[PDB]
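Take a look at this one chain, the form deposited without its partner chain, written out in structure tokens.
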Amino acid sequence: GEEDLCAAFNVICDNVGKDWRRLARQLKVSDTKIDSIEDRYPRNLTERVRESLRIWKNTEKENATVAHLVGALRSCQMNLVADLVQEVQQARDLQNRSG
């Protein structure tokens, strides 16, 4: 839930970069908001990606799932990132029981 989405965000933030606007669009983040993200954080590309995700999490309290993050990523051909997010999530699933 909470910590899982953090883990996903941390992976996505530091690995998306150039085509982040494409991803924002898939997460149904309005252009009105994407314009303002470009304004708020002109310095760091990684900070822009994070805020994009934060808006998306606030946009669905209960429905903001890692499964749907992975769909988003795959629809933008960001498949290697999707893969990594899935594997990290899977790893986390297997620790809850042991750790």
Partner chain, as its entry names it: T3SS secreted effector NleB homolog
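Positions refer to the first chain, counted from 1.
The following text describes the form deposited with its partner chain bound, which does not appear among the structures shown.
Its partner chain is not drawn, but in the entry with it bound it has no heavy atom within 4.5 Å of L53.
Residue contact check for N63: none of its heavy atoms lie within 4.5 Å of its partner chain in the entry with it bound.
When contacts are judged by a 4.5 Å heavy atom cut-off, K28 counts as touching its partner chain in the entry with it bound. At a distance threshold of 4.5 angstroms between non-hydrogen atoms, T32 is in contact with its partner chain in the entry with it bound. Residues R43, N44, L45, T46, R48, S75, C76, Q77 of 41 to 78 are found to place at least one heavy atom within 4.5 Å of its partner chain in the entry with it bound.
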